[PDB]
Amino acid sequence: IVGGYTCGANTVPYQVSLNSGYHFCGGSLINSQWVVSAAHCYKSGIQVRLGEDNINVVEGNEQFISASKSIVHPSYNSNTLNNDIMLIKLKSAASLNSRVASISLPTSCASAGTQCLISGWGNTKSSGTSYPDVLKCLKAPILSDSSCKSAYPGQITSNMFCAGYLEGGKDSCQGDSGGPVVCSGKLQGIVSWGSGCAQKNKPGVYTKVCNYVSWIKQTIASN
Ligand SMILES: [Ca+2]
């Protein structure tokens with residue numbers, strides 16, 4: 001997260017860190033046994049880390065649970081990043097509490113101008129590299145589809161939306177991928193891609209979760 005602020009320990013209780021020896025992506029807890037992340041985050045050997053603030057210090061509210069199954073969306077397109085969404089089932093049910101909590105899925109899509117909360121442990125520099133230990137947060141509005149397509153000609157699909165600031169300076173970044181965009185208490189986005197981070201006229205691009213609710217529910221019900 002570039003241009004954001006320190007969330008505060010466990011203030012984003014649905015935020016997860018995916019760990020394969022180190023933090024490599026974010027995710028969102030949607031029930032006690034399932035996490036949503038980005039398909040491009042897929043790898044083997046995932047441990048889901050819930051209840052994290054400082055990812056380099058055990059502070060006493062963490063739950064570390066290995067993945068039992070990963071399911072990349074059947075239509076994930078690694079060329080275009082269309083359908084950049086994955087589900088991860090936990091080997092055991094997390095214990096839900098005030099610091100480890102699920103985020104509701106949307107029942108309808110969100111509209112341009114709605115303010116959302118974007119969070120993660122990704123890079124905090126738009127030029128250079130600095131990775132934080134504690135969770136960072138950014139409030140950012142959804143941009144119109146027209147503005148998104150204007151910023152990224154020929155690259156925006158019906159399963160993507162932009163959020164952020166055309167002036168630059170505030171954005172998600174590498175290491176935030178797979179993490180949440182939450183608007184009015186619903187998970188509307190997954191950190192997916194962009195051109196650089198926090199650059200002028202290059203807002204963040206996010207997977208449009210509202211298009212996947214039926215697939216998420218049916219996949220969870222059958223697995
Ligand atoms: Ca920790």
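We number each residue from 1, following the sequence as shown.
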Point to revise | Donor-acceptor under 3.5 Å (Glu52 side chain, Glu62 main chain) | key: no

Practice item. Mind listing the closest non-hydrogen atom pair of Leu135 and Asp53 along with its distance? Key: N-OD1, 3.5 Å

Review point. Can you find a pair of side-chain heavy atoms, one from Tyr131 and one from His23, that are under 4.5 Å apart?
Key: no

Practice item. Go through the steps for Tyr76 and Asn82 under the test side chain to side chain contact (heavy atoms under 4.5 Å, CB included), then give the verdict. Key: CA-CA 6 Å; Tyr76 172 54; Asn82 198 28; over 6 Å; no

Practice item. Step by step, work out the side-chain hydrogen bond (donor to acceptor under 3.5 Å, both in side chains) result for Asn31 and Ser102. Key: CA-CA 5 Å; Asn31 71 26; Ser102 55; over 6 Å; no

Point to revise | Closest non-hydrogen atom pair, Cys210 against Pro106 | key: CA-CG, 3.8 Å

Review point. Run the side chain to side chain contact (heavy atoms under 4.5 Å, CB included) check on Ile142 and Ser111 step by step: do they pass?
Key: CA-CA 7 Å; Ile142 298 177; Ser111 57; over 6 Å; no

Review point. Where do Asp84 and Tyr206 land on the side-chain hydrogen bond (donor to acceptor under 3.5 Å, both in side chains) test, with the steps shown first?
Key: CA-CA 9 Å; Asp84 189 12; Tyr206 298 96; over 6 Å; no

Practice item. Drop me the distance from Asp145's CG to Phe161's CZ, to the nearest 0.5 angstrom. Key: 11.5 Å

Point to revise | Partners meeting salt bridge (charged side-chain N to carboxylate O under 4.0 Å, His left out) with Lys217 (sequence neighbours left out) | key: none

Exercise for review: Kindly compute the distance separating CG (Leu81) from NE2 (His40), expressed to the nearest 0.5 Å.
Suggested key: 7.0 Å

Check your understanding: Between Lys69 and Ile71, does a side chain to side chain contact (heavy atoms under 4.5 Å, CB included) hold up when you go through it step by step?
Key -> CA-CA 7 Å; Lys69 181 182 287 191; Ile71 306 170; 3.9 Å; yes

Check your understanding: Hey, mind stepping through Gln15 and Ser119 against side-chain hydrogen bond (donor to acceptor under 3.5 Å, both in side chains) and telling me if it holds?
Key -> CA-CA 8 Å; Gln15 172 84 51; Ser119 46; 2.7 Å; yes

Check your understanding: So which pairs with a foot in residues 35-91 pass disulfide (SG to SG under 2.5 Å), sequence neighbours left out?
Key -> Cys25-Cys41

Point to revise | Polar side-chain atom of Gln188 near backbone of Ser108 as donor-acceptor pair, under 3.5 Å | key: yes

Point to revise | Heavy-atom side-chain contact between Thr157 and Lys149 under 4.5 Å | key: no

Point to revise | Backbone of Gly122 reached by a side-chain donor or acceptor of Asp176 within 3.5 Å | key: yes

**Study point:** Close side-chain approach of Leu29 and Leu96, heavy atoms under 4.5 Å
**Key:** yes

Check your understanding: How long is the span from the SG atom in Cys148 to the CD1 atom in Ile156, to the nearest 0.5 Å?
Key -> 3.5 Å

**Study point:** Same apolar cluster: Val16 and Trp34, side chain cutoff 4.5 Å
**Key:** no

Point to revise | Cluster link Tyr22 to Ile46, ILVMFWY, side chain under 4.5 Å | key: yes

Revision key, fill the gap. Scanning both residues in full, the closest heavy-atom pair of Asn123 with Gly128 reads ND2-O, 3.1 Å

Review point. Take atom NZ in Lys43; do more than 12 heavy atoms of anything else shown fall under 6.0 Å from it?
Key: yes

Review point. Roughly how far apart are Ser104 OG and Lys186 NZ, rounded to 0.5 Å?
Key: 3.5 Å

Revision key, fill the gap. The salt bridge (charged side-chain N to carboxylate O under 4.0 Å, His left out) partners of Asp133 (sequence neighbours excluded) come to none

Check your understanding: Is there a side chain to side chain contact (heavy atoms under 4.5 Å, CB included) between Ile88 and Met86 once you walk through the steps?
Key -> CA-CA 7 Å; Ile88 300 165; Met86 177 178 61; 3.9 Å; yes

Practice item. With the side chain counted from C-beta on, respond yes when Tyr5 and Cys137 share a heavy-atom pair under 4.5 Å apart, and no when they do not. Key: yes

Point to revise | Minimum heavy-atom distance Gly178-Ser37, with the two atoms named | key: CA-OG, 3.4 Å

Review point. How about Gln199 and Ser126: do any of their side-chain heavy atoms sit closer than 4.5 Å?
Key: yes

Exercise for review: Taking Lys89 for its side chain and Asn223 for its backbone only, find out whether a donor-acceptor pair lies under 3.5 Å.
Suggested key: yes

Point to revise | Distance-minimising heavy-atom pair for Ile103 and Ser28 | key: CG2-CB, 4.1 Å

**Study point:** Main-chain N/O of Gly8 paired to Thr11 side chain as donor or acceptor, under 3.5 Å
**Key:** yes

Review point. Does some side-chain heavy atom of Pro13 sit less than 4.5 Å from a side-chain heavy atom of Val100?
Key: no

Practice item. With the side chain counted from C-beta on, respond yes when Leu166 and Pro203 share a heavy-atom pair under 4.5 Å apart, and no when they do not. Key: yes

Practice item. Please say whether the positively charged group of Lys170, taken as NZ for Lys or CZ for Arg, lies over the ring of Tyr165, i.e. under 6.0 angstrom from the six-membered ring centre and within 45 degrees of the axis. Key: yes

Practice item. Begin from the C-alpha positions of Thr6 and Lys136 and carry the test side-chain hydrogen bond (donor to acceptor under 3.5 Å, both in side chains) through to its verdict. Key: CA-CA 5 Å; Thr6 294; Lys136 300 294 183 168; 2.9 Å; yes

Practice item. Compare every heavy atom of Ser32 with every heavy atom of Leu90, then report the nearest pair and how far apart it is. Key: CD1-O, 3.7 Å

Practice item. Give a yes-or-no answer on whether the side chains of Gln218 and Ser214 include a donor-acceptor pair shorter than 3.5 Å. Key: no

**Study point:** ILVMFWY cluster, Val182 and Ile30 together (side-chain gap under 4.5 Å)
**Key:** yes

Check your understanding: Can you find a heavy atom in the side chain of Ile190 that is under 4.5 Å from one in the side chain of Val209?
Key -> yes

Review point. Would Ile1 and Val191 show up in the same hydrophobic cluster when neighbours are defined by side-chain heavy atoms closer than 4.5 Å?
Key: yes

Practice item. Would you check if the side chain of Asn61 reaches a backbone N or O of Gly51 as a donor-acceptor pair within less than 3.5 Å? Key: no

Check your understanding: Parallel under 30°, tilted from 30 to 60°, perpendicular over 60°: which one fits the rings of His73 and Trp215?
Key -> tilted

Revision key, fill the gap. CE (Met160) and OG1 (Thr207) are apart, to the nearest 0.5 Å, by 7.0 Å

Study note, to complete from the structure: The reported gap from CG in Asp171 to NZ in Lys202 (rounded to nearest 0.5 angstrom) is 12.0 Å

Exercise for review: Could you tell me if the ring centre of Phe24 sits under 6.0 Å from that of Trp121?
Suggested key: no

Review point. Do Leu50 and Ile220 belong together in a cluster built from hydrophobic side chains that touch within less than 4.5 Å?
Key: no

